[PDB]
Every structure is written in structure tokens, then in C-alpha cells.
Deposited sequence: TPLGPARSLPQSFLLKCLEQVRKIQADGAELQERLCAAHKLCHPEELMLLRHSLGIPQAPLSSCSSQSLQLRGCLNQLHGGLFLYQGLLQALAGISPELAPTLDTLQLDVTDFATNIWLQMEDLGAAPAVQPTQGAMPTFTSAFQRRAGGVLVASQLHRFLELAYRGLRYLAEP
């Protein structure tokens, strides 16, 4: 139901967000020496970082409106979480603004496709420097994986 031209634009946009997330983590390691995301992942629940559901994009319970709607809802959660980091630090802030623009640009394209197809439409605080810097490497990590799953769901509906 999704045209291949749309799928290739989605590929382009998810690879762009992934490259942004990669640079964010490089920079957090370089500037602030947070260089092991597997160690930090153990702290997500302590920091209250939520995960966005994509059950409608799994092959078992694939649904076109549901998958697309959950990808859009998920991308707004990540907009909100990036916004909650407040730049992380003067060294990371430019990299965060590019990620924020690329996430939001993609989320708008999804809404418009849902409109041309049929019908589209809570937060942790990060108060200390450590909370903001560790929040930055976990959100980038979670967003990478969330996009892999969403893209698999998208492929299936092509």
C-alpha cells in the first residue's frame, strides 16, 4: 500500500537520523567520555526513559494505520525527550538541534502520507549534568533501534 518512492525517501530519512545519532554518541564520548552505551543502558528505568511501542509494525500483528500511527507517535515522544535534555551541554547543543530537525521533518512526512492514505492524529526531567549527558546517549541508542523496527514494518507494507 505504500509506494516504493515513499519507501526510498523513508530509507533516506531514517539513515540521516541514524548518522545524527552516531555523531551525537561520538561527541558525548569525545567531550564528556561517556563511551560505553551498553553500560549506560542499564540505567534507563532509574532515569525514567520510556520506550515507544511498535506492536502494529511487527509481522505478527502488522496493520497499516496502526504501524504508521505508532511510528508517528513514537517520533513525537523522541522530539519531547530531546527537548527535555536542554542541549545537554554547549559542546553538544548544535548536534542535538540537527537531530531534532531531522526527527521532526520525518515525523511530518509520515503524517502527510497518512493523510493521503486515510486518518492521522508524561515526561522525565533531566536535571543534572550527568542526567542530561547519559540521557543523550540512551535516547540516541533507543531511537536507532526504534527506527530499525519501524523501517522493517514499513518494508512489509510496501
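Of the deposited sequence, positions 1-7, 129-135, 173-174 lack any modelled C-alpha atom.
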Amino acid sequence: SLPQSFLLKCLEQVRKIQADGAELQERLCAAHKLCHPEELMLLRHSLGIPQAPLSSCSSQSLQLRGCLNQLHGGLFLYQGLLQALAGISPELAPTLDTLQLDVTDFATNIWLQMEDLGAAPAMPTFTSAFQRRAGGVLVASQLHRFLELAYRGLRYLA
From here on, numbers count along this sequence of modelled residues.
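On average the C-alpha atoms of 26-34 have higher B-factors than those of the other stretch, with 102-110 and 26-34 being the two compared.
Of the two segments, 38-46 and 129-137, the one listed with the higher mean B-factor is 38-46 (C-alpha atoms only). Ranked against the other modelled residues of its chain, the C-alpha B-factor of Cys67 as given in the entry falls in the lowest third. Residue-level temperature factors show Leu92 in the middle third of its chain, judged at the C-alpha atom.
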